[PDB]
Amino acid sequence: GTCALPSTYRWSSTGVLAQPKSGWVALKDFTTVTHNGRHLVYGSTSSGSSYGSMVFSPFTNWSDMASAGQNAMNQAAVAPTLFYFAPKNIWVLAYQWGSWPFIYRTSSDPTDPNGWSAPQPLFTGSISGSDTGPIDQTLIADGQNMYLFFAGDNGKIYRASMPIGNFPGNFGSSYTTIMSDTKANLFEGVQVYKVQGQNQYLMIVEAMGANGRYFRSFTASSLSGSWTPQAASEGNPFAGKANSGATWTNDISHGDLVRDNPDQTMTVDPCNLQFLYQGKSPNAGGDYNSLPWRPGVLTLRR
């Protein structure tokens, strides 16, 4: 009863799923798990002038995201990663921009935007040839090791690791440069997942295409292994204008595959693949930080 990842992806898409509440011009950079039978979604916010973060009130159906309460975090967790860390029975929210390059907080109740612990260092390193520094972290563990993957708006993807018994904790300053390409080809928004029922991991990376933002996919048999391009061009992307089925956006940008199991393995079911992404009206212009990003969901057509 197991499925494999397709070689060519075809999606159908929702329309815009929610509008930002008063004071925000964008909802961005989503991370999502199922918690108590409901969708739990964190994201970045932008007022145009500054970035923050928020969590939606839990909702059962994506069609009800539009009415879900939008709960601001009193301390910004930009480009967040949410998961349940089973070995310690604790939830983890990792993010960027704060006292360290990457940061995390912990909680026993991930629905509360302000129930998170004092911030702790996740990563303290620096990268060369990057205007942004380390950005868009994700975290993923197998049975043995916890991995940190991140980008740099510079064509590189980076990786750090620790024995899983040492997490939650600080990866420190060290990293491995695992991928190197043009800036456009490996830009940001890196995510990594375990493919359920297969000895395979899936990496997606946001790229800058001629037509807009899209995702390129890569596979590996191990988290410390080499990554093989899968659906890795604008014409044959993991998800993009070419195959999204979205009518409201030419961009498929920073989000998260829908994770039914909320745990640190980041496991996805290839039989039921869905992608919570950010998109925007093709007519929207102005400064990047003011762009009206919105949530959408892609569902894989099999």
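Each residue number is its position in the shown sequence, starting from 1.
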_Between 125 to 133 and 89 to 97 (mean CA B-factor, as deposited), the higher_ = 125 to 133
*Can you let me know which of the two, 5 to 13 or 18 to 26, has the higher average C-alpha B-factor in the entry?*
5 to 13
_Residue, from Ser44, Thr267, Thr247, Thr31, that the PDB entry assigns the highest Cα B-factor_ = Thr247
_Deposited CA B-factor, highest of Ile252, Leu276, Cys271, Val55_ = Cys271
*asked:* Please say which third, lowest, middle or highest, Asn170 falls into when its CA temperature factor is compared across its chain.
replied: middle
*Comparing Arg213 with the other modelled residues of its chain, is its CA B-factor in the lowest, middle or highest third?*
middle
*Of the three thirds of its chain by CA temperature factor, lowest, middle or highest, which one includes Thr81?*
lowest
_Entry-reported Cα temperature factor of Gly197, expressed as the chain third it lands in_ = highest
*Taking the entry's C-alpha B-factors for this chain, is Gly152 in the lowest, middle or highest third?*
middle
